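# Geometric and topological summary
Residue-level listing of the chains:
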There are 2 protein chains.
Amino acid sequence: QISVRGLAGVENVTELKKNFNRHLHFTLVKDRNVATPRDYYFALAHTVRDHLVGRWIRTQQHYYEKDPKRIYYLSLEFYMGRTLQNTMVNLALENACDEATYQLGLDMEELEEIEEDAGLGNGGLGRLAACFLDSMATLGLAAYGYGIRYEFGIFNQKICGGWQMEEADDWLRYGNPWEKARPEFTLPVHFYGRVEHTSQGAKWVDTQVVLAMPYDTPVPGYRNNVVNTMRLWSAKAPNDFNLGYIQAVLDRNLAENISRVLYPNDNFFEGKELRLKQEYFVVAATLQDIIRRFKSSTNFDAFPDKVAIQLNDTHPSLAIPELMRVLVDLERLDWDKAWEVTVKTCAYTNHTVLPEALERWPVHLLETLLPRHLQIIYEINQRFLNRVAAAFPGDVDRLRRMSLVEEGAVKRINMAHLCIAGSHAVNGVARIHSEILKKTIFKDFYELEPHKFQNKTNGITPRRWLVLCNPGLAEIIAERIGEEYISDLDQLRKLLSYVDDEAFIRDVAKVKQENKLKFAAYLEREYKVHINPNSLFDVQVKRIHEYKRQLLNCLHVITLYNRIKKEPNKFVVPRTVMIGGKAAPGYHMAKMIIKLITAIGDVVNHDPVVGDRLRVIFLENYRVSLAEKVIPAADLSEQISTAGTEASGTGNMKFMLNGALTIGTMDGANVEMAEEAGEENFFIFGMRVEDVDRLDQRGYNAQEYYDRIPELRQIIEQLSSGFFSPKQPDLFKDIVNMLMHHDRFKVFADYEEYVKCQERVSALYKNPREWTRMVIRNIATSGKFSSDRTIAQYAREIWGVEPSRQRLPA
Amino acid sequence: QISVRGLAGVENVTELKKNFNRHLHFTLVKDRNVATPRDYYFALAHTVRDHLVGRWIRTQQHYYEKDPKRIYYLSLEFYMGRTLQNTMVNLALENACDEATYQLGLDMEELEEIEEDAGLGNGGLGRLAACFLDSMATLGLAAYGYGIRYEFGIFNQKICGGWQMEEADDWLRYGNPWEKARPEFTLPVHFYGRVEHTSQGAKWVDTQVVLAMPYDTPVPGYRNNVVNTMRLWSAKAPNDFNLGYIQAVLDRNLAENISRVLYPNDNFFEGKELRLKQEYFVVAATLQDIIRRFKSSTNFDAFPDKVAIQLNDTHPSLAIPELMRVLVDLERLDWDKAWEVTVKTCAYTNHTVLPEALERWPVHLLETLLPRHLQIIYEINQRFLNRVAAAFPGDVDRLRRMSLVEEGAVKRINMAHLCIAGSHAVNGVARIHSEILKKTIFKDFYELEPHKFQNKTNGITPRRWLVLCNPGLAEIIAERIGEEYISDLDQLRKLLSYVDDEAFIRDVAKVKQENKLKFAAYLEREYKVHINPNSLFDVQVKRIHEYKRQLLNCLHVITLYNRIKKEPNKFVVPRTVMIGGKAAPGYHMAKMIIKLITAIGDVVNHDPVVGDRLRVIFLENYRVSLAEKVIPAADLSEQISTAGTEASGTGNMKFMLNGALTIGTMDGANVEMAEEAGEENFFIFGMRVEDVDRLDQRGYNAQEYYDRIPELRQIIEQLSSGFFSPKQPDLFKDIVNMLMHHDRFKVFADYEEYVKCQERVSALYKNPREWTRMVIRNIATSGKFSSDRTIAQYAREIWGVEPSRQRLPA
Ligand SMILES: N[C@@H]1[C@@H](O)[C@H](O)[C@@H](CO)O[C@H]1c1nc(-c2ccc3ccccc3c2)n[nH]1
Ligand SMILES: N[C@@H]1[C@@H](O)[C@H](O)[C@@H](CO)O[C@H]1c1nc(-c2ccc3ccccc3c2)n[nH]1
Ligand SMILES: *Cc1c(COP(=O)(O)O)cnc(C)c1O
Ligand SMILES: *Cc1c(COP(=O)(O)O)cnc(C)c1O
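Within each chain the numbering goes from 1 in written sequence order, not necessarily matching the entry, and residues lacking coordinates are not shown. Written order determines the labels here, with chains lettered from A and ligands numbered from 1. As a rule here, side-chain values cover all heavy atoms of the structure and leave hydrogens and water aside.

Structure determination for this entry, per the PDB record, employed X-ray crystallography and reached 2.45 Å resolution.

Here is the structure:
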């Protein structure tokens with residue numbers, strides 16, 4: 001039916017149906033009378049996977065014969081979401097499968113909804129990994145994502161009594177048609193042991209062995225017949241393992257626990273052993289695989305011309321000492337040559353400046369678990385500190401601050417320092433974030449090695465984040481400017497000359513309305529809740545965190561509520577305020593915030609005076625596949641972190657792409673978004689970075705805001721006295737308390753400017769034509785935030801590789 | 001090439017090749033340049049599985065429409081072995097796959113060897129279950145095998161320093177192309193809880209829930225297009241399970257341990273909780289499945305006309321109280337009606353009379369774990385004991401002996417008594433065994449209910465145990481009498497009129513010789529050991545156990561050795577003595593026996609005076625697929641258990657079928673084998689049942705044999721003094737000791753008659769023509785021991801079902 005969904009040729013359709021019935025009989029062992037929709041999803045999934053196969057074999061083939069430089073993207077997280085629609089989109093099968101399934105009288109859209117999210121990440125970081133893979137494939141790069149195949153992904157979020165409950169995300173229960181187990185490339189990983197010295201050199205002995213078994217997942221490029229690989233390792237016990245008898249066999253669990261579960265903390269370090277085992281496991285098995293693949297081209301000098309290893313934060317920072325261990329202890333290169341090889345191979349992306357997110361591992365942990373790596377780390381440190389001493393003679397304090405070893409009650413290794421020492425490039429993830437790295441957190445490193453520091457502002461793939469989740473907007477755009485923008489997002493600027501085209505204005509607004517209608521129904525059906533879809537859709541979707549300031553949003557919500565109650569008969573632009581996100585299981589305050597939100601919902605949604613002027617909806621189980629539904633439906637995107645705390649953000653970009661206006665602070669990539677659209681086209685409010693710092697110097701006193709702002713004071717009194725929790729009047733005492741005495745994120749500082757800015761949004765919503773011209777100005781300048789731009793920048797400025805857009809043959 | 005292997009039609013062959021390349025590309029994602037033999041095995045396995053599918057769907061279909069009475073074979077063990085060749089044989093594909101693979105230049109026989117044994121059993125009992133399935137399918141019965149899909153089967157056996165080491169049998173490591181996961185028919189199983197009483201009735205509450213997820217395996221009939229199902233349950237935790245966070249997820253192991261590992265004790269009870277959980281798990285999930293299938297035909301009166309449940313020993317005896325629980329507590333039938341339903345549904349096969357193999361569960365165990373079932377058991381007991389009292393008034397002692405509850409320091413439930421009480425038929429497994437049940441172990445039950453007691457002598461399937469493992473013998477038989485014998489084994493009597501046919505004599509002997517050559521090479525290649533293949537092949541293959549008397553065999557071996565040393569220049573028929581079998585991991589004495597055997601091998605195989613007159617080979621890792629190789633190669637079958645201890649045996653039958661003569665005691669099915677062949681055609685020696693009993697009454701004194709038999713005394717002295725263990729001279733003190741003071745199995749009683757009988761075997765081996773006429777007389781009368789005979793007897797005399805041989809359509 002729509003043209004960006006490709007051709008539905010009579011041969012293709014006939015062929016898809018034929019194969020759909022083949023898989024149902026042969027793969028699924030079902031006939032047409034007993035098949036459930038789950039079965040139909042499956043037969044469709046095997047039919048689409050069939051189209052990937054020749055392309056996958058041919059791509060892996062071509063890399064063997066061309067032997068280009070290979071990129072290894074190492075991450076503990078890959079937040080994939082569903083695979084079926086993405087695969088159709090990338091192979092131009094969407095319309096033909098739609099047609100094929102229709103003629104068997106099945107509805108594709110209904111089948112698509114049965115597929116489980118692969119939720120192997122927490123939020124922005126794992127999801128960036130996913131976008132990056134799609135972009136690497138679309139840009140023809142010989143790139144491999146490497147991670148852990150967790151048996152349980154991010155937990156499923158239930159609400160009970162307005163509280164978060166956690167359930168295990170058992171995503172493999174029904175099988176994963178997308179992965180291919182490769183038990184033939186199983187590799188040993190070593191743990192514990194001790195180090196002996198020979199005349200030969202150091203030797204790591206008496207280790208426990210855990211096996212790493214890889215699972216391969218196809219990553220198709222956008223219509224280029226390139227299919228790359230994501231390889232994910234699983235832990236398996238060896239068979240002599242432990243080997244009274246029964247118990248030995250049952251104790252094989254203790255080794256396979258390494259890959260059992262994703263750690264669910266977003267932007268927060270927890271120094272547990274099982275986590276460090278996860279990090280060593282993925283690093284050890286990957287390096288052997290990388291090395292094996294290099295030996296099928298004695299000579300390690302060429303290694304950096306054949307291999308780039310990108311580290312996704314510090315989570316795989318052990319790649320650096322592991323690479324040293326292999327080169328020094330097993331390959332017998334001298335120290336300096338090995339070190340040159342390592343530094344030229346490795347690059348580090350930093351994703352955060354929150355000090356509680358920075359990985360600092362206790363020494364006693366690394367000493368029991370990885371005792372050779374601890375030796376290598378010390379040796380790295382000593383040599384690094386000798387370079388600091390020679391460049392800054394006498395600056396003793398520099399030496400202490402720059403050490404990889406933190407002194408203190410418990411000695412720690414600062415993994416970020418290890419990454420900077422052992423990488424040729426260190427990048428941040430938006431311009432302002434990269435500037436903060438050079439000015440504060442890594443100022444010392446930057447003075448030593450200015451040439452290492454770079455910026456690579458994040459992007460999102462427009463395949464999933466536009467073509468796939470928003471076919472109607474994709475189509476009306478293609479109707480005006482063609483299809484070429486989908487792999488060249490800068491082309492969206494051509495849309496500026498349509499900003500006064502009456503028919504374009506109408507089409508952008510109609511697509512938004514259709515998405516609102518579709519999402520409003522999805523609310524009704526799956527969670528029995530009624531929204532007015534003429535209202536403005538105010539959405540804040542992201543992990544629950546104090547720095548992200550869902551609490552600021554709550555204050556605005558409660559204010560609107562209080563204003564309606566004071567003057568009940570006054571006009572007010574209707575809103576639906578939707579806030580969604582998971583809280584880490586032990587982050588008590590994030591759990592209270594979820595509770596505050598739903599408690600506000602209970603008061604607000606049941607007030608008859610309110611009518612349908614204000615609704616507050618907490619969106620349960622926020623995940624990739626729910627982002628695909630709500631983001632196209634949003635009018636207002638809330639990006640309201642304290643200036644200097646959100647490294648980049650990427651939800652922000654998703655919404656700019658999809659026809660929402662942004663109310664945000666000058667934080668993270670919001671700064672670049674505003675500069676691409678024009679500050680007039682954005683709702684900028686609040687402290688700048690500079691303002692937060694001025695506040696830190698004289699001291700943040702929240703009391704001052706509470707005395708000066710009567711509307712703020714009423715809200716605190718309401719929170720305090722049990723307005724929102726009449727059965728437990730003191731339920732929110734921890735929230736009030738934090739806000740008044742211990743708020744690291746200056747929620748009151750920004751309140752007054754936020755409410756004013758929220759009034760300007762309502763004023764523009766009153767004028768549909770102008771709301772939409774501004775929407776057009778946003779969508780039109782969202783080109784920069786394509787992850788294709790970001791990856792082409794990594795490729796040229798870090799990896800030394802040319803992207804191409806040229807199709808491999810079919 | 002050979003005619004029992006079916007047709008190799010030009011269309012078939014072309015089609016198999018086409019599909020073989022299809023699966024290699026599409027299923028396996030490999031091309032021809034990177035494929036390993038494991039890959040080729042796999043593509044061949046998916047190609048053959050494709051031929052099963054339409055037949056499987058059509059069979060399950062036909063049972064729904066015909067609605068015949070359904071048989072449920074409940075066993076904790078199913079010893080399957082490999083599936084590929086069996087499937088080809090049964091679908092008449094063997095020659096065409098052979099041809100198809102040859103033209104791709106691959107050797108089928110080499111691919112077949114990559115398949116793992118499904119070793120989900122310990123020995124005779126699990127293997128009988130497997131033969132029974134093949135026979136049920138071949139006889140057209142609507143039959144389902146139900147068990148547990150263990151992640152680890154019987155351990156792999158390594159020898160180190162002549163000792164058994166155990167390794168985990170990780171048979172699913174590479175996937176199982178034969179099973180189809182059916183996560184849609186997942187069923188709850190309940191554990192722990194407590195019982196409340198309502199006005200409604202008893203109610204089992206506050207239980208832990210474990211999920212049972214079924215895996216289906218096709219069981220093809222012999223060329224009849226019937227394909228039955230073996231359904232095996234896997235344990236899965238529920239998702240709210242336990243649900244700080246990480247630990248909850250990791251603790252899902254404690255529920256899934258239920259299906260993790262097969263208990264490895266053959267013919268020995270170990271009362272561990274995990275085992276009782278295994279037994280309840282398979283019973284609970286199966287009964288729900290049975291019941292669900294019955295409700296798609298209010299009325300439970302018809303239930304016994306629609307369902308037979310056969311219990312494989314007492315291992316699923318909880319079926320009986322579970323069936324009561326469902327009917328009484330959930331379906332709300334009164335007690336008596338429920339009881340009538342249960343007794344008419346259930347039948348019990350006993351497989352052993354060894355008192356240490358009998359399941360007696362501690363009460364405190366059933367009370368914590370299954371507290372309602374314990375109530376039901378008591379109620380069953382009380383009512384049963386009231387029937388005993390009314391039939392035998394005043395016989396107080398009868399009441400105590402017949403109780404389901406054993407009094408004692410620890411109260412126990414005698415599960416065998418529960419089975420007899422709650423079944424309409426109780427059968428033993430050979431005639432002499434069934435007679436011992438009625439005369440000793442269950443004399444009291446038999447006086448109460450004579451009509452319940454039956455015999456059903458075991459059989460083996462001739463598809464695996466002749467056509468498949470011994471194509472050459474199958475073929476020379478088909479050359480004379482046709483192919484029809486393969487599903488009608490009695491037809492082998494026609495072979496008696498060929499007992500003086502010179503060409504037949506030559507062919508039987510040539511096939512034996514070829515098998516010896518083939519097996520002798522397999523020894524050379526896989527385990528670097530040299531056998532003379534002109535020697536007589538004396539094999540004893542079975543689990544290692546004191547009652548099976550591998551020790552008797554050792555004594556014979558050592559005697560032959562001593563005789564050669566006394567008169568080194570005298571002629572002696574050369575032998576290769578091969579003994580193989582696993583020992584249960586904690587059965588110390590069985591572990592010492594393995595050690596004695598290999599220690600005898602070290603002395604005997606290195607004596608230059610011996611030459612190649614005597615070799616002693618311990619065959620490592622005895623399993624189904626090694627039985628398929630050694631049994632066709634055997635000349636002499638050793639079946640030498642003390643009279644009254646081996647319930648039936650089935651190895652005995654395998655060898656009669658395959659051209660070995662038998663030296664055995666009048667135990668188990670040896671008695672029927674001898675009577676079918678004629679006692680002249682068998683090497684019968686030793687105490688009868690009656691003789692063992694005479695010995696028990698005056699007392700077994702092993703000293704008396706040691707004083708009277710000088711050849712026996714020399715052997716004990718050699719064992720004692722370190723002849724066989726010169727570095728640890730006292731290594732065998734436990735063996736000598738047991739033999740002298742604590743031998744429950746009267747090894748010395750039988751020694752003297754055994755050695756004499758072994759001399760008669762050597763005398764006949766000297767005359768090839770007469771050895772072979774006698775072999776012919778055995779193979780010719782082995783018809784009775786077909787498991788088709790056994791199953792047709794179960795079907796008519798217990799299940800009330802007519803077998804048919806009529807093909808379903810193709
Ligand atoms: N918060 C940043 C976000 O601004 C940025 O857009 C995105 C991609 O660059 O990454 C986000 C981010 N996630 C994490 C993170 C995620 C999981 C962790 C697990 C353990 C220890 C630290 C951890 C740190 N950092 N930055
Ligand atoms: N020993 C008998 C054998 O003579 C007979 O041929 C075969 C089939 O009927 O079954 C053998 C048998 N196995 C067992 C057995 C096997 C596994 C067990 C696990 C736990 C407790 C008892 C157990 C008892 N009994 N009889
Ligand atoms: C894009 C995305 C994120 C990151 O969102 P931010 O607003 O940058 O925190 C987190 N989760 C999901 C499911 C996403 O799609
Ligand atoms: C037939 C068979 C058995 C049973 O053998 P017995 O001699 O009756 O103890 C045990 N194991 C395997 C592998 C078999 O094939």
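Further notes follow.
## What about the site of ligand 2?
All names here are of chain B. With respect to spatial proximity, 20 residues lie near ligand 2, and among them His351, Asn458, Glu646, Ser648 and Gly649 are the closest. Polar contacts, as used here, are pairs of N or O atoms within 3.5 Å; protein pairs need one atom able to donate a hydrogen and one able to accept it. Residues neighboring in sequence count only if both atoms are side-chain atoms. Taking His351, its side chain carries an N or O atom lying 2.7 Å from an oxygen atom of ligand 2. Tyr547 is positioned such that a nitrogen or oxygen atom in its side chain is 3.2 Å from a nitrogen atom of ligand 2. Element by element, the count of residues in the shell around ligand 2 is highest for helix α6 (residues 124-138), at three residues. Note on residue classes: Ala, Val, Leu, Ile, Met, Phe, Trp, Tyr, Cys and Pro are nonpolar, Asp, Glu, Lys and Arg are charged, and everything else, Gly too, is polar. Grouping the amino acids of the shell around ligand 2 by side-chain chemistry returns seven nonpolar, ten polar and three charged. For the domains described, the bounds stem from an automatic or database domain assignment. Each of domain 1 (1-459 + 787-810) and domain 2 (460-786) gives at least three residues to the shell around ligand 2. In these notes, residues near a molecule or strand are those with any non-hydrogen atom within 4 Å of it. To qualify as a helix, a DSSP run of H or I must reach at least 4 residues; to qualify as a strand, a run of E must reach at least 2; elements of each kind are numbered from the N terminus.

## With respect to the packing of aromatic side chains
The pairing test for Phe, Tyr and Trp rings, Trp by its six-membered ring, is centres within 6.5 Å, and the orientation test on the planes gives stacked under 30 degrees, edge-to-face over 60, and tilted for anything in between. Considering all chains together, one arrives at 56 aromatic pairs over all chains under this definition. Pairing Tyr446 of chain A with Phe453 of chain A gives two aromatic rings, centres 5.7 Å apart and planes at 80 degrees, and the pair type is edge-to-face. Considering the side-chain rings of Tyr73 of chain B and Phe78 of chain B, the 6.5 Å spacing of their centres and the 65 degrees angle between planes classify their relative orientation as edge-to-face. Accessibility here uses a 1.4 Å probe with only protein chains present; expressed as a share of the type maximum, an area under 20% marks a residue as buried, one over 50% as exposed, and anything in between as partly exposed. Judged by its relative accessible area of 2%, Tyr73 of chain B is buried. Grouping aromatic residues by their ring pairs yields a cluster made of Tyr73, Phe78, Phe132, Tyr794 and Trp799 of chain A. Over the aromatic face of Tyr174 of chain A sits the side chain of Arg38 of chain A, whose NZ or CZ is 3.7 Å from the ring centroid. Note on criteria: charge over ring means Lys NZ or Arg CZ within 6 Å of the ring centre, with the direction from the centre no more than 35 degrees off the ring normal. Over the face of the ring belonging to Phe155 of chain A we find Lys582 of chain A, whose NZ or CZ atom lies 5.5 Å from the ring centre.

## Brief notes about the interface of chain B and chain A
When checking whether two residues touch, look at their non-hydrogen atoms; a contact exists if any pair is within 4.5 Å. In this assembly, 50 residues from chain B lie in contact with 50 residues from chain A. Two parts placed together each lose some accessible area under a 1.4 Å probe, and adding up what both lose gives the buried area. Summed over both partners, the interface of chain B with chain A comes to about 4500 Å²; 62% of that surface belongs to carbon and sulfur atoms. Considering only the surface of chain B that becomes buried against chain A, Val29, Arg173 and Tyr245 of chain B emerge as the three largest contributors, covering 16% of it. Note on definitions: salt bridges are taken to be side-chain nitrogens of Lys or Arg within 4 Å of carboxyl oxygens of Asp or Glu. For the interface between chain B and chain A, the tally reads four salt bridges.

## Quick word on the sheet that holds strand β18 (residues 536-541) of chain A
Residues and elements named next belong to chain A. The parallel open sheet is built from six strands, whose spatial order is β20-β19-β18-β21-β22-β23. For this open sheet the edge positions go to β20 (614-619) and β23 (683-684), each flanked by a neighbour on one side alone. A pair of strands is considered paired only if DSSP assigns at least 2 bridges between the two. Two strands pair when backbone bridges link them, and strand β22 (residues 661-664) and β23 are joined in this way by two bridges, in the parallel orientation. Bridge pairing links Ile663 to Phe683 in β23. Against the sheet, helix α23 (residues 588-604) makes contact with β19 (575-580) and β20, and its axis sits at roughly 145 degrees relative to β20, the strand it touches most. Taken strand by strand, helix α32 (residues 768-780) contacts β18, β22 and β23, and its axis lies near 80 degrees from that of β22. In this description, a line fitted to the C-alpha atoms serves as the axis of each element, helices being fitted only across the stretch in contact, and the angle between N-to-C directions of two axes falls anywhere from 0 to 180 degrees.

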